[PDB]
$ cat work.txt   # compact mmCIF, N, CA and C atoms and all ligand atoms
# COMPACT_ATOMS: atom_id res chain seq x y z
N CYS A 1 3.17 11.39 -76.71
CA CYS A 1 3.44 11.46 -75.24
C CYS A 1 3.58 12.91 -74.77
N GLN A 2 3.52 13.09 -73.46
CA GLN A 2 3.46 14.40 -72.83
C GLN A 2 4.75 15.21 -72.96
N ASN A 3 5.86 14.55 -73.30
CA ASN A 3 7.13 15.26 -73.44
C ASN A 3 7.16 16.16 -74.66
N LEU A 4 6.38 15.80 -75.67
CA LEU A 4 6.25 16.60 -76.86
C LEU A 4 5.63 17.97 -76.60
N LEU A 5 4.98 18.12 -75.46
CA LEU A 5 4.30 19.37 -75.14
C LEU A 5 5.22 20.35 -74.41
N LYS A 6 6.40 19.87 -74.01
CA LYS A 6 7.38 20.69 -73.30
C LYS A 6 8.21 21.51 -74.27
N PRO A 7 8.67 22.70 -73.83
CA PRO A 7 9.60 23.44 -74.68
C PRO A 7 10.87 22.63 -74.93
N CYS A 8 11.57 22.96 -76.01
CA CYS A 8 12.88 22.41 -76.32
C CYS A 8 13.71 22.25 -75.05
N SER A 9 14.35 21.09 -74.89
CA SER A 9 15.16 20.84 -73.69
C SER A 9 16.41 21.72 -73.64
N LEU A 10 16.80 22.31 -74.77
CA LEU A 10 18.00 23.16 -74.78
C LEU A 10 17.69 24.63 -74.53
N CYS A 11 17.00 25.27 -75.47
CA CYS A 11 16.75 26.71 -75.39
C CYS A 11 15.56 27.02 -74.48
N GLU A 12 14.69 26.03 -74.29
CA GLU A 12 13.54 26.13 -73.39
C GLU A 12 12.52 27.20 -73.82
N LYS A 13 12.54 27.62 -75.08
CA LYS A 13 11.61 28.65 -75.54
C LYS A 13 11.08 28.47 -76.96
N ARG A 14 11.26 27.28 -77.51
CA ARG A 14 10.70 26.92 -78.81
C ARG A 14 10.10 25.52 -78.66
N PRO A 15 9.10 25.16 -79.49
CA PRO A 15 8.52 23.82 -79.39
C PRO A 15 9.45 22.72 -79.89
N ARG A 16 9.22 21.50 -79.42
CA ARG A 16 9.99 20.34 -79.85
C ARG A 16 9.54 19.88 -81.23
N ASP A 17 10.14 20.47 -82.25
CA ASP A 17 9.82 20.12 -83.63
C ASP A 17 11.06 19.81 -84.46
N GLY A 18 12.18 19.50 -83.80
CA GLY A 18 13.41 19.14 -84.50
C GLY A 18 13.76 17.68 -84.28
N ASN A 19 13.42 16.84 -85.25
CA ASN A 19 13.70 15.40 -85.16
C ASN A 19 15.15 15.16 -85.58
N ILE A 20 15.92 14.58 -84.67
CA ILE A 20 17.30 14.20 -84.88
C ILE A 20 17.29 12.72 -85.29
N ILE A 21 17.75 12.45 -86.51
CA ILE A 21 17.55 11.17 -87.17
C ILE A 21 18.87 10.44 -87.36
N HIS A 22 18.82 9.14 -87.09
CA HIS A 22 19.98 8.29 -87.21
C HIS A 22 19.47 6.91 -87.60
N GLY A 23 19.74 6.51 -88.84
CA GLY A 23 19.23 5.25 -89.37
C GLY A 23 17.73 5.36 -89.60
N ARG A 24 16.99 4.43 -89.01
CA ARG A 24 15.52 4.53 -89.07
C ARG A 24 14.86 4.87 -87.72
N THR A 25 15.62 5.51 -86.84
CA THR A 25 15.07 6.02 -85.58
C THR A 25 15.43 7.50 -85.44
N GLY A 26 14.74 8.19 -84.54
CA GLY A 26 14.92 9.63 -84.38
C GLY A 26 14.62 9.95 -82.94
N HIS A 27 15.29 10.97 -82.40
CA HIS A 27 14.94 11.48 -81.07
C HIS A 27 14.44 12.90 -81.19
N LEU A 28 13.25 13.13 -80.65
CA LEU A 28 12.61 14.43 -80.75
C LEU A 28 12.50 15.03 -79.35
N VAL A 29 13.55 15.76 -78.97
CA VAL A 29 13.64 16.43 -77.68
C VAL A 29 14.06 17.91 -77.78
N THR A 30 14.34 18.38 -78.99
CA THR A 30 14.79 19.76 -79.20
C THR A 30 13.92 20.40 -80.26
N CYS A 31 14.08 21.71 -80.42
CA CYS A 31 13.48 22.43 -81.53
C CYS A 31 14.37 22.25 -82.76
N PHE A 32 13.83 22.62 -83.92
CA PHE A 32 14.54 22.53 -85.18
C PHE A 32 15.86 23.33 -85.17
N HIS A 33 15.79 24.57 -84.70
CA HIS A 33 16.96 25.45 -84.59
C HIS A 33 18.14 24.85 -83.74
N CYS A 34 17.83 24.31 -82.56
CA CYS A 34 18.84 23.71 -81.69
C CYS A 34 19.39 22.38 -82.23
N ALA A 35 18.51 21.54 -82.78
CA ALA A 35 18.91 20.30 -83.46
C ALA A 35 19.91 20.54 -84.60
N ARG A 36 19.64 21.53 -85.45
CA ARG A 36 20.57 21.92 -86.52
C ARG A 36 21.90 22.45 -85.98
N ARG A 37 21.84 23.25 -84.92
CA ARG A 37 23.04 23.74 -84.26
C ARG A 37 23.91 22.58 -83.77
N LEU A 38 23.28 21.57 -83.16
CA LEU A 38 23.98 20.37 -82.71
C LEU A 38 24.67 19.66 -83.89
N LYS A 39 23.95 19.45 -84.98
CA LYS A 39 24.56 18.85 -86.16
C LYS A 39 25.75 19.68 -86.67
N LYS A 40 25.56 21.00 -86.74
CA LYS A 40 26.61 21.90 -87.20
C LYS A 40 27.84 21.83 -86.30
N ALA A 41 27.64 21.68 -85.00
CA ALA A 41 28.75 21.50 -84.07
C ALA A 41 29.38 20.12 -84.21
N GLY A 42 28.79 19.26 -85.03
CA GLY A 42 29.24 17.87 -85.10
C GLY A 42 28.97 17.07 -83.83
N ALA A 43 28.04 17.53 -82.99
CA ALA A 43 27.63 16.76 -81.83
C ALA A 43 26.91 15.48 -82.24
N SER A 44 26.88 14.49 -81.35
CA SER A 44 26.09 13.30 -81.59
C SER A 44 24.71 13.55 -80.99
N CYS A 45 23.74 12.69 -81.30
CA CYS A 45 22.41 12.84 -80.72
C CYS A 45 22.55 12.95 -79.19
N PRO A 46 21.91 13.96 -78.58
CA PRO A 46 22.06 14.11 -77.12
C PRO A 46 21.43 13.00 -76.27
N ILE A 47 20.55 12.18 -76.85
CA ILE A 47 19.96 11.08 -76.10
C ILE A 47 20.80 9.79 -76.22
N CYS A 48 21.03 9.33 -77.45
CA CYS A 48 21.62 8.02 -77.64
C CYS A 48 23.07 8.07 -78.16
N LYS A 49 23.56 9.27 -78.49
CA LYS A 49 24.97 9.48 -78.92
C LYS A 49 25.32 8.92 -80.28
N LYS A 50 24.31 8.66 -81.09
CA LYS A 50 24.56 8.28 -82.46
C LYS A 50 24.84 9.51 -83.30
N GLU A 51 25.62 9.30 -84.37
CA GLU A 51 25.90 10.32 -85.38
C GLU A 51 24.56 10.85 -85.86
N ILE A 52 24.44 12.16 -85.92
CA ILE A 52 23.25 12.78 -86.45
C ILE A 52 23.37 12.77 -87.97
N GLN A 53 22.47 12.03 -88.62
CA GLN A 53 22.52 11.93 -90.07
C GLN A 53 21.63 12.97 -90.73
N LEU A 54 20.54 13.31 -90.06
CA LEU A 54 19.51 14.15 -90.66
C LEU A 54 18.76 14.90 -89.57
N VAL A 55 18.48 16.18 -89.82
CA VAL A 55 17.62 16.97 -88.95
C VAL A 55 16.43 17.47 -89.75
N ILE A 56 15.24 17.24 -89.19
CA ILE A 56 13.96 17.37 -89.86
C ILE A 56 13.08 18.28 -89.02
N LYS A 57 12.37 19.19 -89.68
CA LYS A 57 11.34 20.00 -89.04
C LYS A 57 10.01 19.22 -89.01
N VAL A 58 9.48 19.00 -87.81
CA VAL A 58 8.33 18.12 -87.62
C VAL A 58 7.03 18.89 -87.37
N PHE A 59 5.99 18.49 -88.08
CA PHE A 59 4.65 19.03 -87.92
C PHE A 59 3.71 17.92 -87.44
N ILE A 60 3.06 18.16 -86.31
CA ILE A 60 2.14 17.18 -85.75
C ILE A 60 0.76 17.42 -86.37
N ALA A 61 0.18 16.36 -86.94
CA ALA A 61 -1.15 16.41 -87.53
C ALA A 61 -2.06 15.38 -86.86
N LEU B 1 -3.81 19.82 -78.06
CA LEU B 1 -2.85 19.48 -79.16
C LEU B 1 -3.15 18.10 -79.75
N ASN B 2 -2.74 17.92 -81.00
CA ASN B 2 -2.75 16.65 -81.70
C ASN B 2 -1.71 15.68 -81.15
N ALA B 3 -0.72 16.21 -80.43
CA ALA B 3 0.40 15.40 -79.91
C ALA B 3 -0.01 14.38 -78.85
N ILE B 4 -1.09 14.65 -78.13
CA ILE B 4 -1.55 13.71 -77.10
C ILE B 4 -2.69 12.80 -77.56
N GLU B 5 -3.04 12.90 -78.84
CA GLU B 5 -3.99 11.98 -79.46
C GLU B 5 -3.23 10.84 -80.13
N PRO B 6 -3.78 9.62 -80.12
CA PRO B 6 -3.11 8.45 -80.73
C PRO B 6 -3.07 8.49 -82.26
N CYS B 7 -2.38 7.52 -82.85
CA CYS B 7 -2.35 7.33 -84.30
C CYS B 7 -3.75 7.57 -84.88
N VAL B 8 -3.86 8.41 -85.91
CA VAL B 8 -5.18 8.67 -86.50
C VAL B 8 -5.73 7.42 -87.19
N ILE B 9 -4.82 6.58 -87.67
CA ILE B 9 -5.18 5.43 -88.47
C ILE B 9 -5.71 4.28 -87.62
N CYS B 10 -5.04 3.97 -86.52
CA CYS B 10 -5.47 2.85 -85.67
C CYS B 10 -6.04 3.30 -84.32
N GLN B 11 -5.76 4.55 -83.94
CA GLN B 11 -6.14 5.15 -82.62
C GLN B 11 -5.71 4.32 -81.39
N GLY B 12 -4.74 3.42 -81.58
CA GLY B 12 -4.34 2.51 -80.52
C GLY B 12 -2.90 2.65 -80.07
N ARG B 13 -2.13 3.46 -80.80
CA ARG B 13 -0.72 3.69 -80.49
C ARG B 13 -0.36 5.17 -80.64
N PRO B 14 0.81 5.60 -80.08
CA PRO B 14 1.17 7.01 -80.15
C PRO B 14 1.62 7.38 -81.55
N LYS B 15 1.61 8.67 -81.85
CA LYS B 15 2.12 9.18 -83.11
C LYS B 15 3.65 9.17 -83.10
N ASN B 16 4.24 8.03 -83.43
CA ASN B 16 5.68 7.83 -83.36
C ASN B 16 6.27 7.36 -84.69
N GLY B 17 5.44 7.37 -85.73
CA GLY B 17 5.89 7.01 -87.06
C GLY B 17 6.08 8.27 -87.89
N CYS B 18 7.30 8.79 -87.91
CA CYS B 18 7.54 10.01 -88.65
C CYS B 18 7.61 9.75 -90.16
N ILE B 19 6.78 10.47 -90.91
CA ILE B 19 6.73 10.39 -92.37
C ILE B 19 7.69 11.45 -92.86
N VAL B 20 8.78 11.04 -93.47
CA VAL B 20 9.82 12.00 -93.83
C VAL B 20 9.78 12.31 -95.33
N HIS B 21 9.82 13.60 -95.65
CA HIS B 21 9.99 14.07 -97.03
C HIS B 21 10.83 15.33 -97.01
N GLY B 22 12.03 15.26 -97.59
CA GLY B 22 12.90 16.42 -97.63
C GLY B 22 13.42 16.74 -96.25
N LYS B 23 13.30 18.00 -95.85
CA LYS B 23 13.76 18.43 -94.54
C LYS B 23 12.60 18.61 -93.57
N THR B 24 11.52 17.92 -93.87
CA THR B 24 10.29 18.07 -93.12
C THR B 24 9.64 16.71 -92.82
N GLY B 25 8.85 16.67 -91.76
CA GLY B 25 8.19 15.43 -91.37
C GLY B 25 6.77 15.64 -90.88
N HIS B 26 5.90 14.72 -91.26
CA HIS B 26 4.55 14.71 -90.73
C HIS B 26 4.34 13.58 -89.74
N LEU B 27 4.00 13.96 -88.51
CA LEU B 27 3.64 13.03 -87.45
C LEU B 27 2.11 13.00 -87.25
N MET B 28 1.49 11.88 -87.62
CA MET B 28 0.05 11.67 -87.39
C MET B 28 -0.31 10.20 -87.21
N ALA B 29 0.66 9.31 -87.41
CA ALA B 29 0.45 7.86 -87.37
C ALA B 29 1.56 7.18 -86.55
N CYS B 30 1.27 5.98 -86.03
CA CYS B 30 2.28 5.19 -85.36
C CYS B 30 3.24 4.61 -86.39
N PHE B 31 4.32 4.01 -85.92
CA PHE B 31 5.34 3.42 -86.78
C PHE B 31 4.75 2.31 -87.69
N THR B 32 4.02 1.38 -87.08
CA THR B 32 3.36 0.27 -87.80
C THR B 32 2.43 0.75 -88.92
N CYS B 33 1.51 1.66 -88.62
CA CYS B 33 0.58 2.18 -89.64
C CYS B 33 1.31 3.01 -90.70
N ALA B 34 2.29 3.79 -90.26
CA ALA B 34 3.05 4.62 -91.18
C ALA B 34 3.86 3.78 -92.18
N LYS B 35 4.38 2.65 -91.71
CA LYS B 35 5.09 1.71 -92.58
C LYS B 35 4.15 1.17 -93.65
N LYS B 36 2.90 0.90 -93.26
CA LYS B 36 1.90 0.39 -94.19
C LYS B 36 1.61 1.37 -95.32
N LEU B 37 1.57 2.66 -95.01
CA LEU B 37 1.39 3.68 -96.04
C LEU B 37 2.52 3.67 -97.08
N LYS B 38 3.74 3.42 -96.62
CA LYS B 38 4.88 3.43 -97.52
C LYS B 38 4.88 2.15 -98.34
N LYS B 39 4.64 1.02 -97.69
CA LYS B 39 4.60 -0.27 -98.39
C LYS B 39 3.59 -0.22 -99.53
N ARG B 40 2.37 0.22 -99.22
CA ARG B 40 1.29 0.33 -100.21
C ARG B 40 1.47 1.54 -101.15
N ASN B 41 2.62 2.21 -101.04
CA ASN B 41 3.02 3.28 -101.97
C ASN B 41 2.12 4.52 -101.94
N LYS B 42 1.46 4.74 -100.81
CA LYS B 42 0.65 5.93 -100.58
C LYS B 42 1.55 7.14 -100.39
N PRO B 43 1.07 8.33 -100.78
CA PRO B 43 1.79 9.54 -100.44
C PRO B 43 1.50 9.94 -98.99
N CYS B 44 2.15 10.99 -98.50
CA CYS B 44 1.82 11.51 -97.19
C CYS B 44 0.34 11.95 -97.16
N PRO B 45 -0.45 11.40 -96.22
CA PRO B 45 -1.88 11.75 -96.19
C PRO B 45 -2.12 13.24 -95.96
N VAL B 46 -1.16 13.90 -95.31
CA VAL B 46 -1.31 15.29 -94.90
C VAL B 46 -0.99 16.28 -96.02
N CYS B 47 0.19 16.14 -96.62
CA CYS B 47 0.68 17.12 -97.58
C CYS B 47 0.77 16.54 -98.99
N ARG B 48 0.55 15.22 -99.09
CA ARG B 48 0.48 14.47 -100.34
C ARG B 48 1.78 14.38 -101.16
N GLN B 49 2.88 14.75 -100.53
CA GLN B 49 4.21 14.54 -101.09
C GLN B 49 4.59 13.08 -100.93
N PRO B 50 5.52 12.58 -101.77
CA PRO B 50 5.97 11.19 -101.62
C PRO B 50 6.67 10.93 -100.28
N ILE B 51 6.50 9.73 -99.74
CA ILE B 51 7.16 9.37 -98.50
C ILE B 51 8.55 8.84 -98.82
N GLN B 52 9.58 9.57 -98.38
CA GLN B 52 10.97 9.13 -98.57
C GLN B 52 11.32 8.00 -97.61
N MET B 53 10.94 8.16 -96.35
CA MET B 53 11.17 7.13 -95.32
C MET B 53 10.26 7.31 -94.11
N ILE B 54 10.16 6.23 -93.32
CA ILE B 54 9.49 6.22 -92.03
C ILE B 54 10.54 6.10 -90.92
N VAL B 55 10.49 7.02 -89.97
CA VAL B 55 11.41 7.01 -88.85
C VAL B 55 10.64 6.74 -87.56
N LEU B 56 11.06 5.73 -86.80
CA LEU B 56 10.53 5.47 -85.47
C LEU B 56 11.04 6.58 -84.55
N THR B 57 10.12 7.41 -84.08
CA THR B 57 10.51 8.60 -83.35
C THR B 57 10.25 8.41 -81.86
N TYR B 58 11.29 8.69 -81.07
CA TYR B 58 11.20 8.59 -79.63
C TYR B 58 11.13 9.96 -79.01
N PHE B 59 10.31 10.11 -77.97
CA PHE B 59 10.23 11.40 -77.30
C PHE B 59 10.26 11.58 -75.77
N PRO B 60 11.35 11.24 -75.08
CA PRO B 60 11.90 10.04 -74.55
C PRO B 60 11.88 10.41 -73.05
ZN ZN A 101 15.69 24.88 -78.92
ZN ZN A 102 19.12 9.60 -80.80
ZN ZN A 103 -1.49 3.21 -85.94
ZN ZN A 104 3.61 15.25 -95.19
$ encode --input "work.txt" --output "structure tokens" --more "lines below"
Ligand SMILES: [Zn+2]
Ligand SMILES: [Zn+2]
Ligand SMILES: [Zn+2]
Ligand SMILES: [Zn+2]
Amino acid sequence: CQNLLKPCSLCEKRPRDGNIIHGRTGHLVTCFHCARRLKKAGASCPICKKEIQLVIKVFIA
Amino acid sequence: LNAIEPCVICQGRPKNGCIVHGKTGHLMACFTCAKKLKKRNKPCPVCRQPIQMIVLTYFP
């Protein structure tokens, strides 16, 4: 979808390649750097508020 | 970009099946097709590492 083409919703200057994972679903709205920062702050996923279990660097092929 | 092209495998759904290995993920297939790769015990088609899990990815 077209939202993947937008800069990170947080820093607005890196691509959306940070998948925030919880169970078997993930929200991809931030870059890897900001997603990790959120986990480090102990924040919940900014979309659905689930505990962030895993942060993954995503490559689109 | 590859991001606005559909699943490479079925070409009928978005690339929302994240293939997870380690701290990295390959997005090229939908959730349904990506699950099939794991079930049939295929490695990641892109980097050929084992698939740890499939994550339904929303981009919302
Ligand atoms: Zn960012
Ligand atoms: Zn979420
Ligand atoms: Zn597919
Ligand atoms: Zn891979």
$ interface_residues --input "work.txt" --of "chain A" --to "chain B" --cutoff "6.5 Å" --atoms "all atoms listed in the file" --output "NGL selection string"
:A and (1-4 or 24-29 or 55-61)
$ residues_near_ligand --input "work.txt" --ligand "ligand ZN 101 (chain A)" --cutoff "7 Å" --atoms "all atoms listed in the file" --output "JSON, numbers by chain"
{"A": [7, 8, 9, 10, 11, 12, 13, 14, 15, 30, 31, 32, 33, 34, 35]}
$ select_by_dssp --input "work.txt" --residues "chain B" --states "helix (DSSP H, G or I)" --output "ChimeraX atom specification"
/B:2-4,31-39
$ closest_atom_pairs --input "work.txt" --of "chain A" --to "ligand ZN 102 (chain A)" --cutoff "8 Å" --atoms "only C-alpha atoms and all ligand atoms" --output "JSON lines"
{"residue": "A:20", "atom": "CA", "partner": "A:ZN102", "partner_atom": "ZN", "distance": 6.4}
{"residue": "A:21", "atom": "CA", "partner": "A:ZN102", "partner_atom": "ZN", "distance": 6.7}
{"residue": "A:22", "atom": "CA", "partner": "A:ZN102", "partner_atom": "ZN", "distance": 6.6}
{"residue": "A:25", "atom": "CA", "partner": "A:ZN102", "partner_atom": "ZN", "distance": 7.2}
{"residue": "A:26", "atom": "CA", "partner": "A:ZN102", "partner_atom": "ZN", "distance": 5.5}
{"residue": "A:27", "atom": "CA", "partner": "A:ZN102", "partner_atom": "ZN", "distance": 4.6}
{"residue": "A:44", "atom": "CA", "partner": "A:ZN102", "partner_atom": "ZN", "distance": 7.9}
{"residue": "A:45", "atom": "CA", "partner": "A:ZN102", "partner_atom": "ZN", "distance": 4.6}
{"residue": "A:46", "atom": "CA", "partner": "A:ZN102", "partner_atom": "ZN", "distance": 6.5}
{"residue": "A:47", "atom": "CA", "partner": "A:ZN102", "partner_atom": "ZN", "distance": 5.0}
{"residue": "A:48", "atom": "CA", "partner": "A:ZN102", "partner_atom": "ZN", "distance": 4.3}
{"residue": "A:49", "atom": "CA", "partner": "A:ZN102", "partner_atom": "ZN", "distance": 6.1}
{"residue": "A:50", "atom": "CA", "partner": "A:ZN102", "partner_atom": "ZN", "distance": 5.8}
{"residue": "A:52", "atom": "CA", "partner": "A:ZN102", "partner_atom": "ZN", "distance": 7.7}
$ atom_distance --input "work.txt" --atom1 "atom C of residue B:9" --atom2 "atom CA of residue B:30"
8.4 Å
$ select_by_dssp --input "work.txt" --residues "chain B" --states "strand (DSSP E)" --output "MDAnalysis selection string"
chainID B and resid 17:21 24:29 53:58
$ atom_distance --input "work.txt" --atom1 "atom CA of residue A:17" --atom2 "atom C of residue A:54"
11.9 Å
$ atom_distance --input "work.txt" --atom1 "atom ZN of ligand ZN 104 (chain A)" --atom2 "atom CA of residue A:37"
23.9 Å
$ build_atoms --input "work.txt" --residues "stretch 25-39 of chain B" --atoms "N, CA, C and O atoms" --output "PDB file, keeping the file's coordinate frame"
ATOM      1  N   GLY B  25       8.850  16.670 -91.760  1.00  0.00           N
ATOM      2  CA  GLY B  25       8.190  15.430 -91.370  1.00  0.00           C
ATOM      3  C   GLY B  25       6.770  15.640 -90.880  1.00  0.00           C
ATOM      4  O   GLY B  25       6.475  16.618 -90.199  1.00  0.00           O
ATOM      5  N   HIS B  26       5.900  14.720 -91.260  1.00  0.00           N
ATOM      6  CA  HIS B  26       4.550  14.710 -90.730  1.00  0.00           C
ATOM      7  C   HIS B  26       4.340  13.580 -89.740  1.00  0.00           C
ATOM      8  O   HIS B  26       4.537  12.409 -90.083  1.00  0.00           O
ATOM      9  N   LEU B  27       4.000  13.960 -88.510  1.00  0.00           N
ATOM     10  CA  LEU B  27       3.640  13.030 -87.450  1.00  0.00           C
ATOM     11  C   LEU B  27       2.110  13.000 -87.250  1.00  0.00           C
ATOM     12  O   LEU B  27       1.525  13.973 -86.787  1.00  0.00           O
ATOM     13  N   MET B  28       1.490  11.880 -87.620  1.00  0.00           N
ATOM     14  CA  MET B  28       0.050  11.670 -87.390  1.00  0.00           C
ATOM     15  C   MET B  28      -0.310  10.200 -87.210  1.00  0.00           C
ATOM     16  O   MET B  28      -1.452   9.888 -86.904  1.00  0.00           O
ATOM     17  N   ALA B  29       0.660   9.310 -87.410  1.00  0.00           N
ATOM     18  CA  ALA B  29       0.450   7.860 -87.370  1.00  0.00           C
ATOM     19  C   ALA B  29       1.560   7.180 -86.550  1.00  0.00           C
ATOM     20  O   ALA B  29       2.641   7.740 -86.385  1.00  0.00           O
ATOM     21  N   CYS B  30       1.270   5.980 -86.030  1.00  0.00           N
ATOM     22  CA  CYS B  30       2.280   5.190 -85.360  1.00  0.00           C
ATOM     23  C   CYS B  30       3.240   4.610 -86.390  1.00  0.00           C
ATOM     24  O   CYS B  30       2.998   4.732 -87.594  1.00  0.00           O
ATOM     25  N   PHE B  31       4.320   4.010 -85.920  1.00  0.00           N
ATOM     26  CA  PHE B  31       5.340   3.420 -86.780  1.00  0.00           C
ATOM     27  C   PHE B  31       4.750   2.310 -87.690  1.00  0.00           C
ATOM     28  O   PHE B  31       4.948   2.327 -88.905  1.00  0.00           O
ATOM     29  N   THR B  32       4.020   1.380 -87.080  1.00  0.00           N
ATOM     30  CA  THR B  32       3.360   0.270 -87.800  1.00  0.00           C
ATOM     31  C   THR B  32       2.430   0.750 -88.920  1.00  0.00           C
ATOM     32  O   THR B  32       2.575   0.313 -90.057  1.00  0.00           O
ATOM     33  N   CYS B  33       1.510   1.660 -88.620  1.00  0.00           N
ATOM     34  CA  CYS B  33       0.580   2.180 -89.640  1.00  0.00           C
ATOM     35  C   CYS B  33       1.310   3.010 -90.700  1.00  0.00           C
ATOM     36  O   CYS B  33       0.972   2.946 -91.888  1.00  0.00           O
ATOM     37  N   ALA B  34       2.290   3.790 -90.260  1.00  0.00           N
ATOM     38  CA  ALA B  34       3.050   4.620 -91.180  1.00  0.00           C
ATOM     39  C   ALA B  34       3.860   3.780 -92.180  1.00  0.00           C
ATOM     40  O   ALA B  34       3.990   4.140 -93.355  1.00  0.00           O
ATOM     41  N   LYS B  35       4.380   2.650 -91.710  1.00  0.00           N
ATOM     42  CA  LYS B  35       5.090   1.710 -92.580  1.00  0.00           C
ATOM     43  C   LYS B  35       4.150   1.170 -93.650  1.00  0.00           C
ATOM     44  O   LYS B  35       4.557   1.004 -94.802  1.00  0.00           O
ATOM     45  N   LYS B  36       2.900   0.900 -93.260  1.00  0.00           N
ATOM     46  CA  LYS B  36       1.900   0.390 -94.190  1.00  0.00           C
ATOM     47  C   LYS B  36       1.610   1.370 -95.320  1.00  0.00           C
ATOM     48  O   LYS B  36       1.440   0.949 -96.458  1.00  0.00           O
ATOM     49  N   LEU B  37       1.570   2.660 -95.010  1.00  0.00           N
ATOM     50  CA  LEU B  37       1.390   3.680 -96.040  1.00  0.00           C
ATOM     51  C   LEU B  37       2.520   3.670 -97.080  1.00  0.00           C
ATOM     52  O   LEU B  37       2.280   3.895 -98.262  1.00  0.00           O
ATOM     53  N   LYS B  38       3.740   3.420 -96.620  1.00  0.00           N
ATOM     54  CA  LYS B  38       4.880   3.430 -97.520  1.00  0.00           C
ATOM     55  C   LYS B  38       4.880   2.150 -98.340  1.00  0.00           C
ATOM     56  O   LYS B  38       5.073   2.197 -99.548  1.00  0.00           O
ATOM     57  N   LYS B  39       4.640   1.020 -97.690  1.00  0.00           N
ATOM     58  CA  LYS B  39       4.600  -0.270 -98.390  1.00  0.00           C
ATOM     59  C   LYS B  39       3.590  -0.220 -99.530  1.00  0.00           C
ATOM     60  O   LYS B  39       3.922  -0.550-100.668  1.00  0.00           O
TER      61      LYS B  39
END
